[PDB]
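Undergrad: See protein-v7.tsv below, with TSV, C-alpha atoms and all ligand atoms.
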chain	number	residue	atom	x	y	z
W	2	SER	CA	-24.60	-2.95	-4.52
W	3	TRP	CA	-24.34	-6.50	-3.25
W	4	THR	CA	-27.14	-7.38	-5.68
W	5	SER	CA	-24.53	-7.11	-8.44
W	6	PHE	CA	-23.12	-10.46	-7.30
W	7	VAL	CA	-26.03	-12.07	-5.40
W	8	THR	CA	-28.44	-11.99	-8.34
W	9	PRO	CA	-31.90	-13.62	-8.32
W	10	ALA	CA	-30.28	-16.64	-10.04
W	11	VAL	CA	-27.58	-16.99	-7.37
W	12	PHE	CA	-30.18	-16.77	-4.59
W	13	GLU	CA	-32.53	-19.28	-6.25
W	14	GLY	CA	-29.63	-21.69	-6.81
W	15	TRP	CA	-28.76	-21.49	-3.13
W	16	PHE	CA	-32.37	-21.82	-1.88
W	17	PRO	CA	-34.25	-23.84	-4.52
W	18	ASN	CA	-36.77	-25.31	-2.07
W	19	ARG	CA	-37.47	-22.18	-0.04
W	20	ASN	CA	-40.89	-21.62	1.46
W	21	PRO	CA	-42.53	-19.02	-0.86
W	22	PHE	CA	-42.76	-16.66	2.16
W	23	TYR	CA	-39.08	-15.91	1.60
W	24	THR	CA	-38.19	-14.01	-1.57
W	25	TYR	CA	-35.09	-12.42	-3.03
W	26	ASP	CA	-36.98	-9.15	-3.50
W	27	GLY	CA	-37.96	-9.27	0.19
W	28	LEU	CA	-34.33	-9.55	1.24
W	29	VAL	CA	-33.29	-6.76	-1.13
W	30	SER	CA	-36.03	-4.40	0.08
W	31	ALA	CA	-35.30	-5.06	3.75
W	32	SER	CA	-31.55	-4.62	3.16
W	33	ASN	CA	-32.22	-1.07	1.93
W	34	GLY	CA	-32.79	-0.19	5.60
W	35	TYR	CA	-29.24	-1.36	6.41
W	36	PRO	CA	-27.19	0.42	3.76
W	37	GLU	CA	-23.87	-0.76	5.29
W	38	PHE	CA	-24.89	-4.41	4.92
W	39	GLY	CA	-23.04	-5.91	1.95
W	40	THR	CA	-21.40	-2.56	1.11
W	41	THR	CA	-18.68	-2.43	3.80
W	42	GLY	CA	-15.01	-3.04	3.04
W	43	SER	CA	-13.59	-4.35	-0.22
W	44	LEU	CA	-15.65	-6.22	-2.81
W	45	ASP	CA	-14.38	-9.44	-1.26
W	46	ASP	CA	-15.58	-8.27	2.18
W	47	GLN	CA	-19.01	-7.58	0.63
W	48	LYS	CA	-19.08	-11.06	-0.88
W	49	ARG	CA	-18.00	-12.72	2.37
W	50	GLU	CA	-20.68	-10.80	4.25
W	51	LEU	CA	-23.46	-12.03	1.96
W	52	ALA	CA	-22.13	-15.59	2.00
W	53	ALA	CA	-21.88	-15.49	5.81
W	54	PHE	CA	-25.36	-14.04	6.35
W	55	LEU	CA	-27.00	-16.44	3.92
W	56	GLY	CA	-24.88	-19.43	5.04
W	57	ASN	CA	-25.98	-18.93	8.64
W	58	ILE	CA	-29.57	-18.55	7.43
W	59	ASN	CA	-29.23	-21.78	5.42
W	60	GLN	CA	-28.44	-23.62	8.67
W	61	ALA	CA	-31.05	-21.91	10.85
W	62	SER	CA	-33.99	-22.15	8.46
W	63	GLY	CA	-33.18	-25.40	6.63
W	64	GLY	CA	-32.57	-23.74	3.27
W	65	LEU	CA	-35.40	-21.28	3.93
W	66	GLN	CA	-37.84	-24.21	4.06
W	67	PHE	CA	-39.02	-23.27	7.54
W	68	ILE	CA	-40.51	-20.08	8.91
W	69	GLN	CA	-41.04	-21.35	12.47
W	70	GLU	CA	-38.82	-23.47	14.69
W	71	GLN	CA	-39.83	-27.10	14.25
W	72	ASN	CA	-41.10	-28.89	17.37
W	73	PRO	CA	-40.07	-26.14	19.85
W	75	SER	CA	-40.14	-24.04	25.16
W	76	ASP	CA	-41.96	-20.70	24.96
W	77	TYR	CA	-38.57	-18.96	25.23
W	78	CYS	CA	-39.71	-16.55	27.94
W	79	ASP	CA	-36.69	-15.71	30.05
W	80	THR	CA	-38.15	-14.32	33.27
W	81	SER	CA	-34.69	-13.23	34.43
W	82	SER	CA	-34.63	-10.83	31.47
W	83	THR	CA	-36.93	-8.02	32.64
W	84	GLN	CA	-36.34	-5.11	30.22
W	85	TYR	CA	-38.57	-6.76	27.61
W	86	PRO	CA	-41.54	-8.35	29.41
W	87	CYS	CA	-43.13	-11.49	28.00
W	88	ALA	CA	-46.77	-11.29	26.92
W	89	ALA	CA	-49.11	-13.90	28.44
W	90	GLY	CA	-49.51	-16.92	26.15
W	91	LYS	CA	-47.02	-15.67	23.57
W	92	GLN	CA	-44.06	-17.76	22.50
W	93	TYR	CA	-40.62	-16.57	21.46
W	94	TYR	CA	-39.41	-19.67	19.62
W	95	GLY	CA	-37.36	-19.29	16.45
W	96	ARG	CA	-38.95	-17.36	13.59
W	97	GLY	CA	-37.76	-16.06	10.25
W	98	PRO	CA	-34.47	-16.51	8.39
W	99	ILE	CA	-32.22	-16.28	11.44
W	100	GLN	CA	-34.63	-18.09	13.79
W	101	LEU	CA	-34.95	-15.08	16.09
W	102	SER	CA	-35.54	-16.43	19.60
W	103	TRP	CA	-36.26	-15.19	23.16
W	104	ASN	CA	-38.17	-12.25	24.61
W	105	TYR	CA	-34.97	-10.22	24.87
W	106	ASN	CA	-34.35	-10.42	21.12
W	107	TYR	CA	-37.96	-9.89	20.05
W	108	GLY	CA	-38.16	-6.94	22.47
W	109	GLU	CA	-34.94	-5.23	21.40
W	110	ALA	CA	-35.70	-5.84	17.72
W	111	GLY	CA	-39.22	-4.47	18.22
W	112	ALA	CA	-37.88	-1.33	19.88
W	113	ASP	CA	-35.27	-0.70	17.18
W	114	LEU	CA	-37.64	-1.54	14.31
W	115	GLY	CA	-40.73	0.26	15.69
W	116	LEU	CA	-42.68	-3.00	15.59
W	117	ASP	CA	-44.98	-4.76	18.03
W	118	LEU	CA	-42.74	-7.85	18.21
W	119	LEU	CA	-42.69	-8.23	21.96
W	120	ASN	CA	-46.49	-8.47	22.28
W	121	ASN	CA	-46.98	-10.01	18.83
W	122	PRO	CA	-43.93	-12.20	18.14
W	123	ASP	CA	-45.90	-14.11	15.51
W	124	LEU	CA	-45.47	-11.08	13.22
W	125	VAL	CA	-42.00	-12.44	12.45
W	126	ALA	CA	-43.54	-15.60	10.95
W	127	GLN	CA	-46.54	-13.89	9.34
W	128	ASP	CA	-45.06	-10.81	7.64
W	129	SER	CA	-42.08	-11.49	5.40
W	130	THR	CA	-40.90	-7.87	5.50
W	131	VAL	CA	-40.72	-8.18	9.28
W	132	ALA	CA	-38.99	-11.57	8.95
W	133	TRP	CA	-36.15	-10.23	6.79
W	134	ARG	CA	-35.86	-7.07	8.90
W	135	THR	CA	-35.37	-9.16	12.06
W	136	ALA	CA	-32.56	-11.19	10.45
W	137	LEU	CA	-30.77	-8.05	9.26
W	138	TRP	CA	-31.46	-6.34	12.59
W	139	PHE	CA	-29.79	-9.15	14.50
W	140	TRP	CA	-26.85	-9.29	12.09
W	141	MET	CA	-26.22	-5.54	12.31
W	142	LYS	CA	-27.21	-4.72	15.91
W	143	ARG	CA	-25.48	-7.73	17.48
W	144	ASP	CA	-22.45	-7.01	15.23
W	145	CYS	CA	-22.12	-10.13	13.14
W	146	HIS	CA	-21.52	-7.40	10.54
W	147	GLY	CA	-18.36	-6.19	12.28
W	148	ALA	CA	-17.06	-9.71	12.79
W	149	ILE	CA	-17.26	-10.75	9.15
W	150	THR	CA	-16.27	-7.48	7.46
W	151	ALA	CA	-13.15	-6.93	9.56
W	152	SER	CA	-9.61	-7.41	8.30
W	153	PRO	CA	-9.08	-10.27	8.89
W	154	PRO	CA	-12.61	-11.65	8.50
W	155	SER	CA	-14.18	-13.74	11.25
W	156	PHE	CA	-16.90	-16.15	10.25
W	157	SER	CA	-16.44	-17.88	13.62
W	158	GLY	CA	-17.44	-14.64	15.37
W	159	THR	CA	-20.80	-14.69	13.60
W	160	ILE	CA	-21.49	-18.19	14.93
W	161	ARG	CA	-20.53	-17.13	18.46
W	162	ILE	CA	-22.91	-14.18	18.35
W	163	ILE	CA	-25.82	-16.10	16.78
W	164	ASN	CA	-25.73	-19.31	18.86
W	165	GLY	CA	-22.32	-19.69	20.53
W	166	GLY	CA	-23.47	-21.12	23.86
W	167	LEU	CA	-24.93	-24.16	22.13
W	168	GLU	CA	-22.72	-24.49	19.03
W	169	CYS	CA	-19.25	-23.25	19.98
W	170	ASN	CA	-16.82	-25.04	22.30
W	171	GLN	CA	-18.69	-28.29	21.69
W	172	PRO	CA	-17.05	-31.74	21.58
W	173	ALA	CA	-16.11	-32.75	18.03
W	174	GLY	CA	-19.08	-34.52	16.44
W	175	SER	CA	-21.65	-33.50	19.09
W	176	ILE	CA	-24.94	-32.07	17.82
W	177	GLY	CA	-23.94	-28.45	18.49
W	178	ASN	CA	-20.56	-29.01	16.85
W	179	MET	CA	-22.24	-30.55	13.80
W	180	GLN	CA	-24.56	-27.54	13.51
W	181	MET	CA	-21.51	-25.26	13.73
W	182	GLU	CA	-19.68	-27.23	11.04
W	183	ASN	CA	-22.72	-27.07	8.77
W	184	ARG	CA	-22.69	-23.26	9.01
W	185	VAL	CA	-19.04	-23.33	7.97
W	186	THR	CA	-19.78	-25.73	5.09
W	187	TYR	CA	-22.57	-23.49	3.78
W	188	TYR	CA	-20.50	-20.32	4.12
W	189	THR	CA	-17.60	-21.91	2.24
W	190	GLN	CA	-19.91	-23.26	-0.47
W	191	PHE	CA	-21.52	-19.85	-0.94
W	192	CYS	CA	-18.06	-18.24	-1.06
W	193	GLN	CA	-17.14	-20.73	-3.79
W	194	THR	CA	-20.19	-19.62	-5.81
W	195	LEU	CA	-19.14	-15.98	-5.44
W	196	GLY	CA	-15.47	-16.67	-6.26
W	197	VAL	CA	-14.21	-15.34	-2.92
W	198	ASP	CA	-11.77	-16.70	-0.33
W	199	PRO	CA	-13.72	-17.34	2.92
W	200	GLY	CA	-10.77	-16.56	5.18
W	201	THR	CA	-9.21	-18.82	7.77
W	202	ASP	CA	-11.14	-17.93	10.96
W	203	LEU	CA	-14.09	-20.25	10.42
W	204	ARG	CA	-14.84	-22.63	13.28
W	205	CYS	CA	-15.56	-22.26	17.01
K	301	LIG	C1	-27.10	-31.12	12.49
K	301	LIG	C2	-27.87	-29.97	11.89
K	301	LIG	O1	-27.26	-29.02	11.39
K	301	LIG	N1	-29.20	-30.07	11.94
K	301	LIG	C3	-30.08	-29.03	11.40
K	301	LIG	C4	-30.87	-28.35	12.51
K	301	LIG	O2	-29.95	-27.77	13.41
K	301	LIG	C5	-31.83	-27.31	11.92
K	301	LIG	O3	-32.72	-26.82	12.91
K	301	LIG	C6	-32.32	-25.54	13.39
K	301	LIG	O4	-31.25	-25.70	14.29
K	301	LIG	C7	-30.76	-24.50	14.79
K	301	LIG	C8	-29.47	-24.77	15.56
K	301	LIG	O5	-28.42	-24.99	14.64
K	301	LIG	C9	-31.87	-23.86	15.62
K	301	LIG	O6	-31.21	-22.69	16.01
K	301	LIG	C10	-31.78	-21.94	17.07
K	301	LIG	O7	-31.38	-20.71	16.58
K	301	LIG	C11	-31.67	-19.63	17.40
K	301	LIG	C12	-31.25	-18.42	16.60
K	301	LIG	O8	-29.86	-18.44	16.43
K	301	LIG	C13	-30.91	-19.74	18.71
K	301	LIG	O9	-31.25	-18.61	19.47
K	301	LIG	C14	-30.14	-18.01	20.14
K	301	LIG	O10	-30.21	-18.37	21.50
K	301	LIG	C15	-29.11	-17.88	22.24
K	301	LIG	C16	-29.17	-18.44	23.65
K	301	LIG	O11	-29.03	-19.84	23.62
K	301	LIG	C17	-29.14	-16.35	22.26
K	301	LIG	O12	-28.01	-15.83	22.93
K	301	LIG	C18	-29.17	-15.80	20.83
K	301	LIG	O13	-29.45	-14.42	20.84
K	301	LIG	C19	-30.23	-16.50	19.98
K	301	LIG	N2	-30.10	-16.10	18.59
K	301	LIG	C20	-31.08	-15.50	17.90
K	301	LIG	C21	-30.76	-15.17	16.47
K	301	LIG	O14	-32.18	-15.23	18.37
K	301	LIG	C22	-31.32	-21.04	19.38
K	301	LIG	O15	-30.53	-21.24	20.52
K	301	LIG	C23	-31.09	-22.20	18.41
K	301	LIG	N3	-31.53	-23.44	19.03
K	301	LIG	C24	-30.72	-24.45	19.31
K	301	LIG	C25	-31.37	-25.63	19.96
K	301	LIG	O16	-29.50	-24.47	19.07
K	301	LIG	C26	-33.13	-23.61	14.76
K	301	LIG	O17	-34.25	-23.10	15.48
K	301	LIG	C27	-33.55	-24.88	14.02
K	301	LIG	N4	-34.46	-24.54	12.94
K	301	LIG	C28	-35.72	-24.97	12.83
K	301	LIG	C29	-36.44	-24.48	11.61
K	301	LIG	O18	-36.29	-25.70	13.64
K	301	LIG	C30	-32.69	-27.93	10.81
K	301	LIG	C31	-33.53	-26.87	10.11
K	301	LIG	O19	-34.48	-27.49	9.26
K	301	LIG	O20	-31.88	-28.57	9.84
K	301	LIG	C32	-31.03	-29.59	10.34
K	301	LIG	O21	-30.27	-30.10	9.27
Hey, can you dump this file as structure tokens for me?

TA:
Amino acid sequence: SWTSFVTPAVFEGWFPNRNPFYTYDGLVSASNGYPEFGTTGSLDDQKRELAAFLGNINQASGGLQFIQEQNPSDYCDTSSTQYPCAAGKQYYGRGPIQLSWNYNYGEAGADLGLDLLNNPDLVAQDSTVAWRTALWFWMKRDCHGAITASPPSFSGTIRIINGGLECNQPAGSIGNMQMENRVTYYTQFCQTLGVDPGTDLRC
């Protein structure tokens, strides 16, 4: 199990100022529904996966300090018709991965058997839902495949999560700085775990 190397102590050291909504036990329990997460490839692939998932989360959530996007749009994309927006509801970032947009809440809701499309606030109000959405995105959108491949691709995870805004950005621009922070956190977490992060890092 990945919990053999990401212990409670490792997690707490990485996220010492987390909002109490987010717990190690919550992550562990939710991860049980994604048995391939953190158990795919070599031990070093498992370590890179955890570092990549949690490094991206560190960026998105501000060290797990935030549940909701700070100072958010309602993130209703009316061109995206498969998952209809609910009147008055807002699809701004929520949970560890800052799940955003009707299309993501809708697809996650369908896959998870949860009322996320009509009640997106569940992601900020139920920590089991919050962790499940982060793992859902990681697995369904195939950040998992990017990082656990030989060779690993951390850059691929950034592209999938927020590539339009963070990849292919001028050096030093806000999106580029966000991207570089993800890389910094990933590499720091890899250092904790004693694993080489690989070379395919930035986008
Ligand atoms: C310089 C620096 O690093 N500053 C930090 C702040 O960036 C940070 O605030 C958080 O910032 C991130 C951007 O890095 C922001 O991320 C939002 O994340 C969601 C989820 O990934 C994105 O949604 C994606 O949208 C695309 C389409 O554009 C979809 O294709 C994709 O499916 C979506 N992904 C998911 C998982 O749903 C948003 O696009 C993205 N927003 C922007 C503007 O880039 C977070 O919401 C910010 N977090 C908070 C809590 O507000 C801040 C955190 O405290 O810390 C600074 O240091």

Undergrad: Quick one: distance from atom CA of residue W:185 to atom CA of residue W:69 in Å, one decimal?

TA: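 Going from atom CA of residue W:185 over to atom CA of residue W:69 covers 22.5 Å.
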
Undergrad: Produce as a PDB file with C-alpha atoms, in the coordinates of the input the set of residues near ligand LIG 301 (chain K), where near means within 10 Å with only C-alpha atoms and all ligand atoms considered.

TA:
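Generated file (result.pdb):
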ATOM      1  CA  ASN W  57     -25.980 -18.930   8.640  1.00  0.00           C
ATOM      2  CA  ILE W  58     -29.570 -18.550   7.430  1.00  0.00           C
ATOM      3  CA  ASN W  59     -29.230 -21.780   5.420  1.00  0.00           C
ATOM      4  CA  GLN W  60     -28.440 -23.620   8.670  1.00  0.00           C
ATOM      5  CA  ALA W  61     -31.050 -21.910  10.850  1.00  0.00           C
ATOM      6  CA  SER W  62     -33.990 -22.150   8.460  1.00  0.00           C
ATOM      7  CA  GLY W  63     -33.180 -25.400   6.630  1.00  0.00           C
ATOM      8  CA  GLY W  64     -32.570 -23.740   3.270  1.00  0.00           C
ATOM      9  CA  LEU W  65     -35.400 -21.280   3.930  1.00  0.00           C
ATOM     10  CA  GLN W  66     -37.840 -24.210   4.060  1.00  0.00           C
ATOM     11  CA  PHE W  67     -39.020 -23.270   7.540  1.00  0.00           C
ATOM     12  CA  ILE W  68     -40.510 -20.080   8.910  1.00  0.00           C
ATOM     13  CA  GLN W  69     -41.040 -21.350  12.470  1.00  0.00           C
ATOM     14  CA  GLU W  70     -38.820 -23.470  14.690  1.00  0.00           C
ATOM     15  CA  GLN W  71     -39.830 -27.100  14.250  1.00  0.00           C
ATOM     16  CA  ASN W  72     -41.100 -28.890  17.370  1.00  0.00           C
ATOM     17  CA  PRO W  73     -40.070 -26.140  19.850  1.00  0.00           C
ATOM     18  CA  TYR W  77     -38.570 -18.960  25.230  1.00  0.00           C
ATOM     19  CA  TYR W  93     -40.620 -16.570  21.460  1.00  0.00           C
ATOM     20  CA  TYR W  94     -39.410 -19.670  19.620  1.00  0.00           C
ATOM     21  CA  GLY W  95     -37.360 -19.290  16.450  1.00  0.00           C
ATOM     22  CA  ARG W  96     -38.950 -17.360  13.590  1.00  0.00           C
ATOM     23  CA  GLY W  97     -37.760 -16.060  10.250  1.00  0.00           C
ATOM     24  CA  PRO W  98     -34.470 -16.510   8.390  1.00  0.00           C
ATOM     25  CA  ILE W  99     -32.220 -16.280  11.440  1.00  0.00           C
ATOM     26  CA  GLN W 100     -34.630 -18.090  13.790  1.00  0.00           C
ATOM     27  CA  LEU W 101     -34.950 -15.080  16.090  1.00  0.00           C
ATOM     28  CA  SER W 102     -35.540 -16.430  19.600  1.00  0.00           C
ATOM     29  CA  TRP W 103     -36.260 -15.190  23.160  1.00  0.00           C
ATOM     30  CA  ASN W 104     -38.170 -12.250  24.610  1.00  0.00           C
ATOM     31  CA  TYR W 105     -34.970 -10.220  24.870  1.00  0.00           C
ATOM     32  CA  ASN W 106     -34.350 -10.420  21.120  1.00  0.00           C
ATOM     33  CA  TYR W 107     -37.960  -9.890  20.050  1.00  0.00           C
ATOM     34  CA  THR W 135     -35.370  -9.160  12.060  1.00  0.00           C
ATOM     35  CA  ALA W 136     -32.560 -11.190  10.450  1.00  0.00           C
ATOM     36  CA  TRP W 138     -31.460  -6.340  12.590  1.00  0.00           C
ATOM     37  CA  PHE W 139     -29.790  -9.150  14.500  1.00  0.00           C
ATOM     38  CA  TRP W 140     -26.850  -9.290  12.090  1.00  0.00           C
ATOM     39  CA  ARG W 143     -25.480  -7.730  17.480  1.00  0.00           C
ATOM     40  CA  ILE W 160     -21.490 -18.190  14.930  1.00  0.00           C
ATOM     41  CA  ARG W 161     -20.530 -17.130  18.460  1.00  0.00           C
ATOM     42  CA  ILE W 162     -22.910 -14.180  18.350  1.00  0.00           C
ATOM     43  CA  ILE W 163     -25.820 -16.100  16.780  1.00  0.00           C
ATOM     44  CA  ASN W 164     -25.730 -19.310  18.860  1.00  0.00           C
ATOM     45  CA  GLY W 165     -22.320 -19.690  20.530  1.00  0.00           C
ATOM     46  CA  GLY W 166     -23.470 -21.120  23.860  1.00  0.00           C
ATOM     47  CA  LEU W 167     -24.930 -24.160  22.130  1.00  0.00           C
ATOM     48  CA  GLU W 168     -22.720 -24.490  19.030  1.00  0.00           C
ATOM     49  CA  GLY W 174     -19.080 -34.520  16.440  1.00  0.00           C
ATOM     50  CA  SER W 175     -21.650 -33.500  19.090  1.00  0.00           C
ATOM     51  CA  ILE W 176     -24.940 -32.070  17.820  1.00  0.00           C
ATOM     52  CA  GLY W 177     -23.940 -28.450  18.490  1.00  0.00           C
ATOM     53  CA  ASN W 178     -20.560 -29.010  16.850  1.00  0.00           C
ATOM     54  CA  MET W 179     -22.240 -30.550  13.800  1.00  0.00           C
ATOM     55  CA  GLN W 180     -24.560 -27.540  13.510  1.00  0.00           C
ATOM     56  CA  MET W 181     -21.510 -25.260  13.730  1.00  0.00           C
ATOM     57  CA  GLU W 182     -19.680 -27.230  11.040  1.00  0.00           C
ATOM     58  CA  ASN W 183     -22.720 -27.070   8.770  1.00  0.00           C
ATOM     59  CA  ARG W 184     -22.690 -23.260   9.010  1.00  0.00           C
TER      60      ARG W 184
END

Undergrad: How many Å lie between atom CA of residue W:116 and atom CA of residue W:23, rounded to one decimal?

TA: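 Atom-to-atom, atom CA of residue W:116 to atom CA of residue W:23, that is 19.4 Å.
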
Undergrad: Between stretch 54-147 of chain W and stretch 30-38 of chain W, at 9 Å or less, what are the per-residue closest atom pairs and their distances in Å? Count all atoms listed in the file, order by chain and rising residue number, and return it as a Markdown table.

TA:
| residue | atom | partner | partner_atom | distance |
| --- | --- | --- | --- | --- |
| W:130 | CA | W:31 | CA | 6.5 |
| W:131 | CA | W:31 | CA | 8.3 |
| W:133 | CA | W:31 | CA | 6.1 |
| W:134 | CA | W:31 | CA | 5.6 |
| W:137 | CA | W:32 | CA | 7.0 |
| W:138 | CA | W:35 | CA | 8.2 |
| W:140 | CA | W:38 | CA | 8.9 |
| W:141 | CA | W:38 | CA | 7.6 |
| W:146 | CA | W:38 | CA | 7.2 |

Undergrad: What is the atom CA of residue W:193 to atom CA of residue W:53 distance in Å?

TA: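 We find that atom CA of residue W:193 and atom CA of residue W:53 lie 11.9 Å from each other.
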
Undergrad: Nearest to residue W:110 among W:124, W:7, W:205, W:148, with distances taken over all atoms listed in the file: which residue is it?

TA: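 Result for the nearest residue to residue W:110: W:124.
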
Undergrad: Looking at only C-alpha atoms, which of W:39, W:115, W:90, W:196 is the one that sits closest to residue W:149?

TA: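 Distance minimum relative to residue W:149 lands on W:39.
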
Undergrad: Using all atoms listed in the file for the distances, tell me which of W:89, W:49, W:83, W:173 is nearest to residue W:201.

TA: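 So, comparing all the options, the nearest one is W:49.
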
Undergrad: Would you mind telling me which residue in W:11, W:145, W:197, W:203 lies nearest to residue W:44 when using all atoms listed in the file?

TA: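 Among the listed residues, W:197 lies closest to residue W:44.
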
Undergrad: Set the distance at 8 Å and use all atoms listed in the file: which residues neighbour residue W:91 once local chain neighbours fewer than 5 positions away are removed? I'd like the list as a PDB file with C-alpha atoms, in the frame of the given file.

TA:
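Final output, saved to out04.pdb:
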ATOM      1  CA  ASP W  76     -41.960 -20.700  24.960  1.00  0.00           C
ATOM      2  CA  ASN W 120     -46.490  -8.470  22.280  1.00  0.00           C
ATOM      3  CA  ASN W 121     -46.980 -10.010  18.830  1.00  0.00           C
ATOM      4  CA  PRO W 122     -43.930 -12.200  18.140  1.00  0.00           C
TER       5      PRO W 122
END

Undergrad: Using only C-alpha atoms, which protein or nucleic acid residues come within 12 Å of residue W:195? Drop anything in the same chain fewer than 3 positions from it, and give the result as a ChimeraX atom specification.

TA: /W:3-8,11-12,15,44-53,188-192,198-199

Undergrad: Restricted to C-alpha atoms, what would the selected residues look like written as a PDB file, keeping the file's coordinate frame?

TA:
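After the write, out-v1.pdb holds the following:
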ATOM      1  CA  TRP W   3     -24.340  -6.500  -3.250  1.00  0.00           C
ATOM      2  CA  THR W   4     -27.140  -7.380  -5.680  1.00  0.00           C
ATOM      3  CA  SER W   5     -24.530  -7.110  -8.440  1.00  0.00           C
ATOM      4  CA  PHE W   6     -23.120 -10.460  -7.300  1.00  0.00           C
ATOM      5  CA  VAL W   7     -26.030 -12.070  -5.400  1.00  0.00           C
ATOM      6  CA  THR W   8     -28.440 -11.990  -8.340  1.00  0.00           C
ATOM      7  CA  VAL W  11     -27.580 -16.990  -7.370  1.00  0.00           C
ATOM      8  CA  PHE W  12     -30.180 -16.770  -4.590  1.00  0.00           C
ATOM      9  CA  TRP W  15     -28.760 -21.490  -3.130  1.00  0.00           C
ATOM     10  CA  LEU W  44     -15.650  -6.220  -2.810  1.00  0.00           C
ATOM     11  CA  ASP W  45     -14.380  -9.440  -1.260  1.00  0.00           C
ATOM     12  CA  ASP W  46     -15.580  -8.270   2.180  1.00  0.00           C
ATOM     13  CA  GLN W  47     -19.010  -7.580   0.630  1.00  0.00           C
ATOM     14  CA  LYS W  48     -19.080 -11.060  -0.880  1.00  0.00           C
ATOM     15  CA  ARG W  49     -18.000 -12.720   2.370  1.00  0.00           C
ATOM     16  CA  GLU W  50     -20.680 -10.800   4.250  1.00  0.00           C
ATOM     17  CA  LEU W  51     -23.460 -12.030   1.960  1.00  0.00           C
ATOM     18  CA  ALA W  52     -22.130 -15.590   2.000  1.00  0.00           C
ATOM     19  CA  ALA W  53     -21.880 -15.490   5.810  1.00  0.00           C
ATOM     20  CA  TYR W 188     -20.500 -20.320   4.120  1.00  0.00           C
ATOM     21  CA  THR W 189     -17.600 -21.910   2.240  1.00  0.00           C
ATOM     22  CA  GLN W 190     -19.910 -23.260  -0.470  1.00  0.00           C
ATOM     23  CA  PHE W 191     -21.520 -19.850  -0.940  1.00  0.00           C
ATOM     24  CA  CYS W 192     -18.060 -18.240  -1.060  1.00  0.00           C
ATOM     25  CA  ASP W 198     -11.770 -16.700  -0.330  1.00  0.00           C
ATOM     26  CA  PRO W 199     -13.720 -17.340   2.920  1.00  0.00           C
TER      27      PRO W 199
END

Undergrad: Under the rule that only C-alpha atoms are counted, which of W:55, W:114, W:155, W:126 is the nearest residue to residue W:142?

TA: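 Looking at the shortest contact to residue W:142, the residue is W:114.
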
Undergrad: Using all atoms listed in the file for the distances, tell me which of W:84, W:170, W:157, W:129 is nearest to residue W:27.

TA: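 Comparing W:84, W:170, W:157, W:129 against residue W:27, the winner is W:129.
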
Undergrad: Box for stretch 23-38 of chain W: with edges along x, y and z, all listed atoms inside and 5 Å added on each side, what are the centre and edge lengths in Å to one decimal, as lines of an AutoDock Vina configuration file?

TA:
center_x = -31.5
center_y = -7.7
center_z = 1.5
size_x = 25.2
size_y = 26.3
size_z = 19.9
